[PDB]
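Colleague: so I pulled this structure from the PDB, and the sequence comes with it:
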Amino acid sequence: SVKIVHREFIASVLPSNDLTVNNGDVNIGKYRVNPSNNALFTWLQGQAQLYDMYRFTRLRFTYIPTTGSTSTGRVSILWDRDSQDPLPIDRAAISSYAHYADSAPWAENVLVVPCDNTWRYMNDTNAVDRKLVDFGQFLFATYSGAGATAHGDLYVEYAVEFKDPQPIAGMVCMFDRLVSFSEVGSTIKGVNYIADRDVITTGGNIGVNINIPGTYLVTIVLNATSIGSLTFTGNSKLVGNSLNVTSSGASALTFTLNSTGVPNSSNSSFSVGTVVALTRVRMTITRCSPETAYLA
Amino acid sequence: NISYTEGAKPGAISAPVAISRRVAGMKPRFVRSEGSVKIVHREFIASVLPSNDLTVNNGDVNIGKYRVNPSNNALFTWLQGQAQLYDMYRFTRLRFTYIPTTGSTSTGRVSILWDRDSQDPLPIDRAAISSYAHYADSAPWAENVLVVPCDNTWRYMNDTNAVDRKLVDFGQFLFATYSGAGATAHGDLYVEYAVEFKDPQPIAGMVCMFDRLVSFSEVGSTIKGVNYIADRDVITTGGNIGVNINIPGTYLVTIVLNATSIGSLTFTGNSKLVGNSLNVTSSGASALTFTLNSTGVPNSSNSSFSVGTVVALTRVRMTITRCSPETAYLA
Amino acid sequence: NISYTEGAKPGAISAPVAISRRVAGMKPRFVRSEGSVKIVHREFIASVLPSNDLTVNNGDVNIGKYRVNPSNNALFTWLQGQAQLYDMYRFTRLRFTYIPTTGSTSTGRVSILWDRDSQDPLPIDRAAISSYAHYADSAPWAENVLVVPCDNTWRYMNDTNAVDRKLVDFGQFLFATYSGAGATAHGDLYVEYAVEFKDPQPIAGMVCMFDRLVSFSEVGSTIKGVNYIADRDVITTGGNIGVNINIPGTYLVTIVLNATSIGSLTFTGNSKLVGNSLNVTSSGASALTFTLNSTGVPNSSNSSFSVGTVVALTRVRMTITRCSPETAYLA
Amino acid sequence: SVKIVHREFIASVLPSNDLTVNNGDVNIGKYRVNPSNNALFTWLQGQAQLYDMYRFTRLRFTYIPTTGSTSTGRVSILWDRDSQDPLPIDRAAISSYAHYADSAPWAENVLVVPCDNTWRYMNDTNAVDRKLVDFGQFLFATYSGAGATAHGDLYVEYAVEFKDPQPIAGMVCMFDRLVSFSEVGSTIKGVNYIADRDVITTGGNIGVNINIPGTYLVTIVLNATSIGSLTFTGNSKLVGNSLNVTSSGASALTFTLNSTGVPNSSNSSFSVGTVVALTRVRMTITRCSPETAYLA
Amino acid sequence: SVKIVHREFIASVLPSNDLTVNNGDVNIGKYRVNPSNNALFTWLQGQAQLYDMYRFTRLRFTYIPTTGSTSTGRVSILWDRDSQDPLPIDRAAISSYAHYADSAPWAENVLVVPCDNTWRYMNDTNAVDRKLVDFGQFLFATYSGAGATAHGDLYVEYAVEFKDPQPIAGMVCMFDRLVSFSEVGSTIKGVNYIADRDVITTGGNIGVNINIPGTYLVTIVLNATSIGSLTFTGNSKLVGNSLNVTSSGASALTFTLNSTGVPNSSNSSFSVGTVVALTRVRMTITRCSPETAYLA
Ligand SMILES: [Ca+2]
Ligand SMILES: [Ca+2]
Ligand SMILES: [Ca+2]
Ligand SMILES: [Ca+2]
C-alpha cells in the first residue's frame, strides 16, 4: 500500500584469513530481513517504526569494493530464507545455499533475492519464531584475506510495501545492565543499535560499540563512585560538544557521535576509563543527524 | 567491459594485477536416470594454501582424503546428506575447477590431480605430481580446470568401512602446490558433477565410532561408520591424547578414556569449542562430550582437541558426528 | 482367483476369516516442481495396538507425534533424511492407508484421523474421535483410507524448534482405537505422499540436545535439534531418571548427570542396548554413552532406559542422535 | 442461512437376543431429530444452543461394525417422521416403517432420510406436541444376538441450516431430586444428558448414568448425614483429580469424567456408596474437553 | 557357462509380536546371496563347492504359508544389494528398501530381484568386503503375530551361471572351541552349517543347533572327564544308530541326524548332558542323505 524504494549502506567487510561471517558477530538474526532491523536497514527503520507490516517486492544485496586490486581472498554474500538458521562455519557450507554470490574483494558483486507474496509483521522483537516474521536473513563472509583496511561495502536495495500506520515505535534504544549482578547480560529495549556483547563493562573500563554506521545521540548514566575520561579511539568521532556531569556515586555523559559502523576489537565507539565500583549502566541511543549536536 | 591496453599492438598478451570469476549459487538439478535419481550439482571443496616445499591437500597426510564417493563429506559437503539415502552411485560427469583468489604477483605452482586408485600414496616430488595422467597445472594466479572422464561402473557408498576402498571409490581428487609464499590462500577448488544414485535404503548414519586398545599399541584402531578421521588422526602417546578432525564443519564428540587420571581439555589447533564442554573424571575412567567447529585444515603440532597429562592410558573409545552448532551443550 | 460362495444368492455380502493386501517396495519418483524437487513416495508408519479403553497413537501422550513435517521421523523414516537438505516443503498429495493384519473375528474400532492444527490435544472420548472433519473409521479387520486434501502453503522444516509448531507443520496425523482385545496388532498404517522441497541448504543435523535444570524444577527443559523426545519423555523424580524414546529406530545417547551418586543403568522397557554401554561415575557428576534400538512403542512404567538410585540430581544434559547400530561401542 | 455439515457418533449397539430398541431405553423421543437433542447430536448441540431454528437438507444414519464376523443377529436402523410415536415392540413392526435398514452386526449399513423444506424450532424442551418441532425420531434395534461386547456404532451425518442467532441456551444440565419426597422423579433443566431413570437413588447408594458419549464436568451436592466412596466402575473414567468435600449433613463432589456412553445396568457412570439419610440430590453436568480437568 | 536352475527351501518363519528379522539371528550376512552360503542355498552349495565364480540371471524369493487363516501379523521378505548392511530394527525401516514384499502369514508371496551382469567369486569366507563377493543379502521379518507353529516357509528360485571347475571346497564343516580358554568364540572352517552362537557350552551342558534344514553326519570329540546323555529334544531327530565312545578325559559321539532347521531356544539340535570339566570341543558336520546312517 505505501510503496518505498531505496538503496542503503549496511556494513564494511573486514579482511580475514580464516572464514569470518558477519565480521565475526556470532548472533543468528544479525541481518534478518525485516525493516525493523536497523543493522540491515540503516535508513528504512526510520520509516518502519510507523507501520505494522511489510512485504518486499524486489530485494538485492550489492558489494562495492573499497580496497585495492592486490587484496587477496573472496567476499561472499548470502541469503537464507530461514532467519533462525545457524551461521555457517566453513566455506563449503556457504556454497550449499541456493542464494549466494562470491567474488574478489576488488570486484563489484550482486545477489538478487526472489521475493514472495506474503505479508509479515514489522515488530519481530517480541516474536520467538522469528522466521515467521522475517523474510530470511542476509549474511556475508570473507576468507583468504589480510589487512586492517576494509575490503568493500555492502548495500541493500529494495522495493518494499508497508501496510498499516501505527503509533511510532521510536528511534531510541534503551540499554540497562546491573553490573553488580553480572558484568554481562542486560535489558535492551527499542531499536537494535547494540546487543549485549557490544557493551563491555570490566576491569574499571566501560566500552560501548555502535557497529552500525550513522550519527547517534547518546546519554549514559553510570552508577559508580568515580569515573575518569571519555575517549573516542575507535570507530566513532565526537560531534560537537560532550556534556559531562560527575558526582560521588553517579555520573552522566551525553553527546552525539558519528560511527563508521565498522567493529574494532581493541577500541570501542566510546570508552570511559578509571571507573570505580560500577554497579549499574543505563543508557539511551538514538539515530539522528549531526545538526542537533551539543554546543561549546 | 573490455578496455584497450596501452602500449600493446594487436594480438599481444597481458598480465593484469589479478584475475577473478564471480561464483553464484545454483540449485541442484534432478534428472532422468537408470537408477533412482541423477543429481547435477556444484560444491566448494577447499582453498589451496601456499607452501614453499611441495605439499599435497593442504598438508593432510591421509591417503584418499578427497576420494570420489558421495559419502565423503571432505569432498561433498552436501552430497554426503544425499548419500545417506541410497546404496550405490555412479558419477557421469566430473570436473574440478580452480579459481584464483590471489594477485598475478604470487609465485608457485598449483596442480589439480585425479588418481584412479583412491588408496594410492600421496606424491611428494615434482616429477610425481607432473606424471599423473589426469592432471592440470597452473600459476596460482591463473584459472584452471581438470575434467575426469567417468566410467559406467556402479559402486557402493562405503557405509560399512570397506577395507579396499579403491573398489568402492571412483579414485581420489588431490591437489599439490610449491614455491609459494605468504599467509593467504592461492585460490579455491570446486567440484562439479553429475551423479546417479541407485537403490533407496534406510539412512546410513552420520556417526563415526573410533576405538583403540592403547594397552595393545599406541597405533591402530577400529573405525566404524562415517570416516571423519583416520587412525593417524588420533594421537595417543607420551601422556597426551590428540584428535585431529581435518575435515571442516561442526562435530559432536563423546570421548571415553580408560586411564587412571587426565588433565586439561584444550582447543589449541584447527577447532573451537561450541558452547560448553562436559567433563567427568574418575579414578580409572574419564568422559568428555562437547561439540566443536573445525576449519579442517591440518595442523602438525596442535590437534583439533587434546587431552593433556594423561596417566596409564589403556583405551580410547570415541564417537564423532557431523551436526549443527545449535545442538551444543549449555553452560 | 475368485471363488463362488456356498449358500449365497447373487449380490450377497460375505465375511471371510481374514482380508489382506500385498505390499511391495516401490522406489521414490522424482518429479517437476516449482521448487527444487518433488518426491512421490510411500512409507510405513506403525501398527495399531489393540486396547479396550480408547487410546490414541498406541498410548503416546505427546501431542503432534505424527505432525506432518518432513523432518519428523516418527512419520517419515526416510523423508527425514531428505528433509535435512532443504529449507521448506509443501505436501501436494497426502493419504493414510490402513491394512488389517488380524482376522475378521477381532473386535474394535480403528480410527484414522487428521487434525489441521498439529498442536491440538489428543482426544480421549468416542464423541471426539468421531467429530474430526478428516476421519476414517473401520472394524480392525477391514481396509481403510484417509485422504487429506493439501493446500499450497510452503512451510519451514522445523529445524530450529519452532515453539508454535502449528505454523510449520501441515497438521497432525493420529489414530485411535477401542473395544479391542489380545496381544497382537490390528493392522498397519502407511503414509503416501507427494511432497515438494524448496531451498537447498547445509544439512540441518541429526542430533537432539536435551537440558533440564532439575534443581529448578523436575519438569520443563530446553530441547534443541531433532525432536526425538519431548519434555514429558524425560522423567527425573524420586531418585530415578527415565528417558523414553518413543519413536522407533537406533539412537546414540550421551547423558551427563549433575548428581552426587547414581546406581544402575537399566534397559527395562521398549529399548535394547546395542553392544557396550560406557559408564563413568564420580562424586557430583556421571556420564553414560551407549546406542540403543527402540521399538518406539510407549511404556507407562518402564522407560527406554533408566538410571536408578540417583542422589541430589541437579542437572540432566543429554544428546540423542538417530544412527546405525554399526556404530555401537565395543566390549 | 448458516449451513453446517458434519458426521458424529451416536451410540454403540449392545447385543440382545430378544428385541431391544434404543439399547433398552424406553423413552419415546430418545433420538428425536432436533439439533438440541444431545443424545442424537453429540456434537451439534454445542452449536444448536446459539440459534433459534433448523432445517435438515441431507440426513443419513450410518452403522459401522466393531464386532466380529461370528456375531449372530441383526442391527436395525429406523426413522419415524412422527417423533411422538411409541417404540416398536416386535421385529415385524420395524419392517412396517417406510424408512428402515437392517443388516448383520458385522456389516456396514446406512439409512438415508429424505429431508423436507420446513423450518422448525430449536428448543423442543418446553413443547408438548413435539412432532411439530422435531423432524421425526431415529431408532435402532437389535435381536438374535449375544455377548457383552457392542456390535457396532451408529453415526449421524447431515447438512443442516440454522436460522437465528440467539442468547446461548448453554451446555449445562441441572438435575434436582427431593429424595425425601420420592426416590424417583426430578426436575431436569438444560441439555438432556440424563433423564430421571439415569439417576438411581436407593439402598444407601447413588448412581448416575451418562449414557451419551463424551467428556463431562460434574458437580453433585448431596443432602445427607454422611457419604462413603466415589467410584467409577461403569462406562466412565475419572479424568484428572476428583474434588470431594464431606460434612455432617451435606457433601459436594466435583470432577470431570470421560463416558463411553454405553449403558451398564450393574454399574453407573459414577457411584457414591454408603450414603446415610439422603434427602436431596442437586447436580450439574456439562459437556466439555479434558483440558479443564482438575489437578492433583 | 554351466547353467543351473533350481528352487529350494530356506527356512520356516517363526511367529513374533515384536519385529524379528531372520528368526532372531543377529548376524549381518546370514542370507548373503552367494552359492556358498548354505543357509540360503540349502541345495546349491553341493554344486557351488566345485566352481570358482557365479552370476545370477534370475532370482526370486517365495513364501508359502504353513499356518492357518486365523494367524495374525505379517511376513516381510527383503533384499538389500549391500550384504554388509546392518539388519533393520523397526518395521518402518523395512519399507525403506527398494526390494521388499510383505503379506499375511496365510498368503503366498514373492519377491523378484533384478539380477545384474557381474561375475563374483564363489568363496566369500576369506573375503573382508563381502559386498564385493555377494549379490546382496536376503532378509525376512515377521511381527504382530503369536504362536509356536511356524507361519510358512521361504524358498529361493534362481537361474545361476557357474564359471570354473576347481578342486572341491567340500561339504564338511569343522568346529573347534577351546572352552578352557572361553565358553564362547571358536574356529569354524568349511561350510557354514553353524556359527559360534549355535554351539552352547556351559553349566555342564553342550548343545549344538543346526538351524539349516537337512540331514547331517556329525562327529563331536569332547575333552572332558566324563559326559552323560546324548539327547535329541529339539529341531532334529536321530537317524539310525548313535555311536558313543566314553573314556576318562575324552569322549566321541558320531551319528547322522535330520534337522527341521527351525531354531529352538530351549532345546538344541542335539545336547550332551552332565559334562564334567569340558576343556575342548572339536566337531565335524557334513550334509548328507539318510542312506549312510549308522546301523544297530
Ligand atoms: Ca550400503
Ligand atoms: Ca542397504
Ligand atoms: Ca531451516
Ligand atoms: Ca537454511
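Modeller: Now that the structure is in, tell me what you want to look at. Numbers count the residues shown, from 1 in each chain, chains lettered A, B, ... in the order given. Ligands and ions are numbered 1, 2, ... in the order given.

Colleague: so is the residue in the stretch 101-250 of chain A that ligand 3 sits nearest to in a helix, a strand, or just coil?
Modeller: Evaluated by C-beta to the ion, the stretch 101-250 of chain A has residue A:131 as its residue closest to ligand 3, separated by 7.5 Å. Any C-beta I mention is one placed from the backbone N, CA and C, and that applies to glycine too. Per DSSP: H, G, I helix; E, B strand; the rest coil, the secondary structure class of residue A:131 is helix.

Colleague: now for the residue of the stretch 1-150 of chain A found nearest ligand 2: which residues touch it?
Modeller: When scored by C-beta to the ion, the stretch 1-150 of chain A has residue A:96 as its residue closest to ligand 2, at 25.4 Å. Taking C-beta atoms under 8 Å, 6 or more residues apart in numbering or on different chains as the criterion, residue A:96 is in contact with A:88, B:43, B:77-78, C:200-202.

Colleague: doesn't it lie inside a strand?
Modeller: No - inclusion of residue A:96 in a strand is not indicated when three-state DSSP is applied; the result is coil.

Colleague: quick one, phi psi at the residue sitting furthest away from the middle of chain A?
Modeller: The C-alpha centroid of chain A is most remote from residue A:248, which lies 33.8 Å away (C-alpha atoms, centre = their mean). Dihedral angles phi and psi of residue A:248 (degrees, to the nearest 10) take the values phi -80, psi 110.

Colleague: for it, which non-adjacent residue is spatially closest?
Modeller: Leaving aside its chain neighbours, residue A:248 sits nearest to residue A:225 (6.4 Å; criterion: C-beta to C-beta, 6 or more residues apart in numbering or on different chains).

Colleague: again, but for residue A:129
Modeller: residue C:162 (4.6 Å).

Colleague: what does stretch A:239-252 contact?
Modeller: With contact meaning C-beta under 8 Å, 6+ apart, stretch A:239-252 is reached by A:215, A:219-227, A:230, A:253-258, A:272, A:290, A:293-296.

Colleague: can I get stretch A:167-187 in PDB, CA atoms only?
Modeller: Only the C-alpha atoms of stretch A:167-187 are listed here, as PDB (Å, rounded to 0.1, in the frame of the first residue of the first chain):
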ATOM      1  CA  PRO A 167       1.800   4.800  16.800                       C
ATOM      2  CA  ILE A 168       5.600   5.200  16.300                       C
ATOM      3  CA  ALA A 169       7.900   2.500  17.600                       C
ATOM      4  CA  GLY A 170      10.500   5.200  18.000                       C
ATOM      5  CA  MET A 171      14.200   5.500  17.100                       C
ATOM      6  CA  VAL A 172      15.600   5.200  20.500                       C
ATOM      7  CA  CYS A 173      17.400   2.300  22.100                       C
ATOM      8  CA  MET A 174      17.500   1.800  25.900                       C
ATOM      9  CA  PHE A 175      20.200  -0.300  27.400                       C
ATOM     10  CA  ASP A 176      20.400  -1.400  31.100                       C
ATOM     11  CA  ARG A 177      22.900  -3.500  32.900                       C
ATOM     12  CA  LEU A 178      23.000  -4.300  36.600                       C
ATOM     13  CA  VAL A 179      26.800  -4.800  36.700                       C
ATOM     14  CA  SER A 180      26.700  -5.500  40.400                       C
ATOM     15  CA  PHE A 181      24.700  -8.600  39.500                       C
ATOM     16  CA  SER A 182      26.900  -9.500  36.500                       C
ATOM     17  CA  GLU A 183      29.300  -7.900  34.000                       C
ATOM     18  CA  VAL A 184      27.300  -9.500  31.200                       C
ATOM     19  CA  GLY A 185      23.600  -9.700  30.300                       C
ATOM     20  CA  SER A 186      21.300  -6.700  30.100                       C
ATOM     21  CA  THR A 187      17.800  -5.500  29.300                       C
END
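
Colleague: what's the spacing between the helix or strand containing residue A:101 and its chain's center?
Modeller: With elements taken from DSSP states H and E, the one containing residue A:101 is strand A:99-103. On the basis of C-alpha atoms, centre = their mean, to the nearest Å, strand A:99-103 is displaced by 22 Å from the centre of the chain it belongs to.

Colleague: cool, and stretch A:136-151?
Modeller: Relative to the centre of its chain, stretch A:136-151 is centred 15 Å away, using C-alpha atoms, centre = their mean.

Colleague: do stretch A:183-200 as well
Modeller: Between the centre of stretch A:183-200 and the centre of its host chain there is 11 Å, according to C-alpha atoms, centre = their mean.

Colleague: so the residue nearest to residue A:248 sits against residue A:276, correct?
Modeller: Yes - contact between residue A:225 and residue A:276 holds when scored by C-beta atoms under 8 Å: they sit 4.3 Å apart.

Colleague: between the two, who's got more neighbours?
Modeller: Under the criterion of other C-beta atoms under 10 Å in any protein chain shown, the comparison of residue A:225 against residue A:276 puts residue A:225 first, with 15 against 10.

Colleague: which residues touch that one?
Modeller: Taking C-beta under 8 Å, 6+ apart as the definition of contact, the neighbours of residue A:225 are A:248-249, A:276-277.

Colleague: before we move on, back to that, for the residue nearest to residue A:248, phi and psi?
Modeller: Backbone torsions of residue A:225, given as degrees, to the nearest 10, read phi -50, psi -50.

Colleague: the helices in the stretch 51-200 of chain A, which residues?
Modeller: Secondary structure of the stretch 51-200 of chain A (DSSP state H, counting those that start in this stretch): helices located at A:91-94.

Colleague: please enumerate the strands of it.
Modeller: Using DSSP state E, counting those that start in this stretch, the strands found in the stretch 51-200 of chain A span residues A:53-65, A:74-80, A:99-103, A:109-113, A:120-121, A:137-143, A:152-162, A:172-177, A:187-190, A:199-202.

Colleague: export these as TSV, with columns for mean neighbour count.
Modeller: Below are the strands of the stretch 51-200 of chain A laid out as TSV (neighbours: other C-beta atoms under 10 Å in any protein chain shown):
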stretch	mean neighbour count
strand A:53-65	19
strand A:74-80	26
strand A:99-103	23
strand A:109-113	19
strand A:120-121	18
strand A:137-143	24
strand A:152-162	20
strand A:172-177	19
strand A:187-190	15
strand A:199-202	17
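
Colleague: please convert the ones you listed to a markdown table, extending it with distance to ligand 3.
Modeller: Compiled in a markdown table, the strands of the stretch 51-200 of chain A are given as follows (distance: least, C-beta to the ion, whole Å):
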| stretch | distance to ligand 3 |
| --- | --- |
| strand A:53-65 | 19 |
| strand A:74-80 | 8 |
| strand A:99-103 | 13 |
| strand A:109-113 | 16 |
| strand A:120-121 | 17 |
| strand A:137-143 | 11 |
| strand A:152-162 | 22 |
| strand A:172-177 | 29 |
| strand A:187-190 | 26 |
| strand A:199-202 | 31 |
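
Colleague: report how many residues lie close to the residue of the stretch 101-250 of chain A found nearest ligand 4.
Modeller: Among residues of the stretch 101-250 of chain A, the one nearest ligand 4 by C-beta to the ion turns out to be residue A:136. It sits 8.3 Å away. Applying other C-beta under 10 Å, we find 24 residues neighbouring residue A:136.

Colleague: wait, it sits on residue A:84?
Modeller: No - judged on C-beta under 8 Å, residue A:136 makes no contact with residue A:84 at a distance of 9.8 Å.

Colleague: for ligand 3, what's the nearest residue on chain A?
Modeller: residue A:82 (3.7 Å).

Colleague: at the contact with ligand 3, which residues of chain A appear?
Modeller: A:82, A:85 (C-beta under 5 Å from the ion).

Colleague: let me see the domain layout of chain A.
Modeller: Per curated CATH domains, the domain ranges recorded for chain A read A:1-168, A:169-296.

Colleague: out of these, deepest packed?
Modeller: Each of the domains of chain A was scored by mean neighbour count; the highest is domain A:1-168, a mean of 20, by mean count of other C-beta atoms under 10 Å in any protein chain shown.
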